[PDB]
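The next block holds one structure in the form of structure tokens; read it before the comments.
Each residue takes its place number in the sequence, starting with 1. Basis for what follows: all heavy atoms, side chains included, without hydrogens, waters or symmetry-related copies.
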Amino acid sequence: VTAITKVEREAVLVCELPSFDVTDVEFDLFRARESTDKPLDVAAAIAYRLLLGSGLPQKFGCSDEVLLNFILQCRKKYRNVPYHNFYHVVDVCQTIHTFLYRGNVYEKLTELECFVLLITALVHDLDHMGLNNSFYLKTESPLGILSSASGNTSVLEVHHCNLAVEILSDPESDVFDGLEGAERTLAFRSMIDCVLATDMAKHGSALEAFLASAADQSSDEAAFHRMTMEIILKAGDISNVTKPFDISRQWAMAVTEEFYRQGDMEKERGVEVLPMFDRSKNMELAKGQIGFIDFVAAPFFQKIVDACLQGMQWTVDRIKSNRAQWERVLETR
Ligand SMILES: COc1ccc(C2=NN(C(C)C)C(=O)[C@@H]3CC=CC[C@H]23)cc1-c1ccc(C(=O)NCC(N)=O)cc1
Ligand SMILES: [Mg+2]
Ligand SMILES: [Zn+2]
């Protein structure tokens, strides 16, 4: 794990993001990427500013330099894939910032927890190859075999956690080095728990757990906190449909392409290709986005908002508005 150079730090620090408010729910990462010929540095700068602007690293003894090293170490481990790249995790970081601070979810968590969530966003898809857990298992790839053998089906999530722990073990990039005892432990545990909860195989049960805790005035507090963290990283991870329509559409395109490439590699390898992943089948984003909205994102956001996260109402409003817009694309086709 090579250390970060002063030269690499400078390339981030020079980016100024004129005309961008990284704290805004309408912030546009795609327009930020286009704004320079160095989209990676700009994305790094966005994460840096989000973290410093929270006031949180300072409070837990994370210097400016260690924070930036950490960001750049994370960045080196994302690949050039259409969706699960560095821009996605910067997007999730930014989105989480909005849920905490514009949606007032910060009130439900300690400052450490807020800090951990922003950091965890940047590690939560480390080294993704554009292939989902299912691909590794169906193809009996080495990682799939290892996951089956060890009893943990969350092939990618365990891999992400491993690389996170790797980055944090170097003090130069240990954003948690200012912590000790129970706090350091809670930081690592909560980071790891959150990443493991982003496996969509566990979606229904994570949601049901959170909701049951939020309705229970005698829920154990520590447990409620943990679940709140998990639900917020999950929320960022499926937040593409809570964004302004053109931003939501660009995300859907990126993910769709990545799914299609997975289906291409499955074909070639003679394994089962699901309809969603199959180029030869679809010809329509609209129906896909509406289906994802109806079956996954709208019930999720409505339920967490109603249970507990009142300040995030806008998410439910934008889903509804985006869905109506996709219905217009159908109605006029
Ligand atoms: C912006 O849209 C999405 C946003 C997120 C996802 C995800 N969906 N899933 C599903 C298994 C639930 C993942 O696990 C991904 C990894 C972890 C978190 C959520 C991600 C999928 C879509 C999505 C992709 C394709 C379709 C679809 O039906 N497209 C087919 C087509 N139109 O060609 C629908 C939703
Ligand atoms: Mg993931
Ligand atoms: Zn993700």
Side-chain angles (χ1 to χ4, degrees), residues 17 19-35 39 42-43 45-47 49-50 53-54 78 81-106 117-118 120-122 124-125 128 198 200 203 207 231-259 284-305 309-330:
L17 329 172
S19 72
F20 284 114
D21 181 12
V22 301
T23 76
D24 195 291
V25 303
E26 323 250 314
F27 174 76
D28 185 339
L29 186 57
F30 290 100
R31 213 169 37 75
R33 285 158 69 190
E34 293 148 29
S35 81
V42 168
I46 290 158
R49 182 177 297 175
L50 278 159
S54 74
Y78 286 90
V81 277
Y83 184 82
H84 297 99
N85 47 52
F86 188 62
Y87 305 110
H88 165 66
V89 308
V90 173
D91 175 55
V92 172
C93 185
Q94 193 276 324
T95 306
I96 285 167
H97 193 283
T98 76
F99 297 173
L100 290 181
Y101 296 117
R102 307 285 180 164
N104 303 328
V105 184
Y106 81 83
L117 273 170
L118 296 177
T120 293
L122 297 175
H124 86 277
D125 278 324
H128 205 288
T198 66
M200 285 299 288
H203 170 87
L207 185 50
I231 234 62
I232 291 289
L233 182 62
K234 279 182 60 41
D237 215 23
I238 60 170
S239 70
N240 293 163
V241 293
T242 70
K243 303 319 184 67
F245 184 90
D246 193 63
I247 288 163
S248 181
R249 187 186 70 91
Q250 271 172 276
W251 288 124
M253 277 163 50
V255 70
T256 288
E257 175 53 21
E258 191 178 287
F259 280 19
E284 235 163 337
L285 220 56
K287 305 206 176 167
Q289 291 302 293
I290 292 163
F292 182 75
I293 287 165
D294 289 344
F295 290 101
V296 181
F300 173 84
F301 286 98
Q302 172 257 310
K303 284 172 179 156
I304 67 174
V305 170
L309 310 176
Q310 259 63 62
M312 278 171 68
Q313 180 57 51
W314 91 83
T315 60
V316 167
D317 301 338
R318 189 84 87 174
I319 282 159
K320 174 187 160 140
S321 131
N322 278 340
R323 193 198 185 287
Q325 192 93 296
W326 286 112
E327 285 283 26
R328 280 175 212 138
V329 173
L330 291 179

How about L117 and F99: do any of their side-chain heavy atoms sit closer than 4.5 Å?
no

To check you understand the geometry: which heavy-atom pair defines the closest contact between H97 and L118, and what is its length?
N-CD2, 3.8 Å

Sequence-distant partners of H88, ring pair (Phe, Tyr, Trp, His ring centres under 6.0 Å), two or more places apart:
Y83, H84, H124

Checking side-chain contact (heavy atoms from CB on, under 4.5 Å) against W251, which of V241, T256, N240 comes through?
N240

Kindly say whether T23 contributes a backbone atom to a donor-acceptor pair with the side chain of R102 at under 3.5 angstrom?
yes

Using modelled atom types only, decide if a donor and an acceptor are shared between the side chain of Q313 and the backbone of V305 within a distance under 3.5 Å.
no

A45 and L17 have their tightest heavy-atom pair at CB-CD2, 4.1 Å

Quick one: does any side-chain atom of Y78 pair with a main-chain N or O of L122 as donor and acceptor, under 3.5 Å?
yes

Are the side chain of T198 and the backbone N or O of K234 linked by a donor-acceptor pair below 3.5 Å?
no

For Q289 and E284, indicate whether the former's side chain and the latter's backbone hold a donor-acceptor pair under 3.5 Å.
no

Plane angle bin for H203 and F300 - parallel if under 30°, tilted between 30 and 60°, otherwise perpendicular
tilted

Steps toward salt bridge (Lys or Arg N to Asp or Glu O under 4.0 Å) verdict (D246, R249):
CA-CA 5 Å; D246 193 63; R249 187 186 70 91; 3.2 Å; yes

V89 versus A121, closest heavy-atom pair with distance
CB-O, 3.3 Å

What distance separates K320 NZ from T315 OG1, expressed to the nearest 0.5 Å?
13.5 Å

Specify the closest pair of heavy atoms between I319 and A297, including all atoms of both residues, with the distance to one decimal.
CD1-O, 3.8 Å

How long is the gap from CZ on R31 to OG on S19, to the nearest 0.5 Å?
5.5 Å

Side-chain heavy atoms of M312 within contact of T242, under 4.5 Å
no

Between the side chain of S35 and the main-chain N/O of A32, is any donor-acceptor distance below 3.5 Å?
yes

So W326 and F245, would you call those rings parallel, tilted or perpendicular, with 30° and 60° as cut-offs?
tilted

Ignoring hydrogens and geometry, is there a side-chain-to-backbone donor-acceptor pair from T95 to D91 under 3.5 Å?
yes

For the atom pair OH (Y87) and CD1 (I46), what is the distance rounded to the nearest 0.5 Å?
9.5 Å

Check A254 against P82 and note the closest heavy-atom contact, atom names and distance.
CB-O, 3.5 Å

